[PDB]
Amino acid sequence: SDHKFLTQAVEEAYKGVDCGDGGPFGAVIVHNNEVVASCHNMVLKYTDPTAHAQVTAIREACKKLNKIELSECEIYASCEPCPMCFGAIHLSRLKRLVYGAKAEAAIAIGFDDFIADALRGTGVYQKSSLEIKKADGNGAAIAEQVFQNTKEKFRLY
């Protein structure tokens, strides 16, 4: 079931970048094989620098379920969550995080080297207990190629 929801996140990223909502990032929040929220980066549409794919998905899932905690749901991120999105994932009480592409795949096309210490385990004050899975195989390949595909769809300006 992981592959289906991670691919849906990659499809959210492509749709969002295509319609100009924001960067090529998508996220899907799943409650026990049922999709609760499916969104992409909305920074340019919302004029909100905090409207990343993960944060947007969390806001919409929490509105739909009338709760501020998602301890029964899991989040699928087309790309490794930034420090802000990882913090938001912690606060949301989400029980599991699956992500497809390493932050370096996004850095390769000009994004900030803005990596979450708590996700990679390099923190002194911030420790994460959350279950984290880096996608492998085909899911990782699909997520990983998103950034070169969108840089070359937009290369000729």
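Residue numbers here begin at 1 and follow the sequence given.
When the mean C-alpha temperature factors of 147-155 and 1-9 are read from the deposited coordinates, 147-155 comes out higher. As listed in the deposited structure, the average C-alpha B-factor of 43-51 and of 102-110 is greater for 102-110. When the modelled residues of the chain are ordered by C-alpha B-factor, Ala61 sits in the lowest third. Compared with the other modelled residues of the chain, the Cα B-factor recorded for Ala118 ranks in the lowest third.
In the deposited entry, the Cα temperature factor of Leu130 sits in the top third of values across the chain's modelled residues.
Compared with the other modelled residues of the chain, the Cα B-factor recorded for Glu74 ranks in the middle third.
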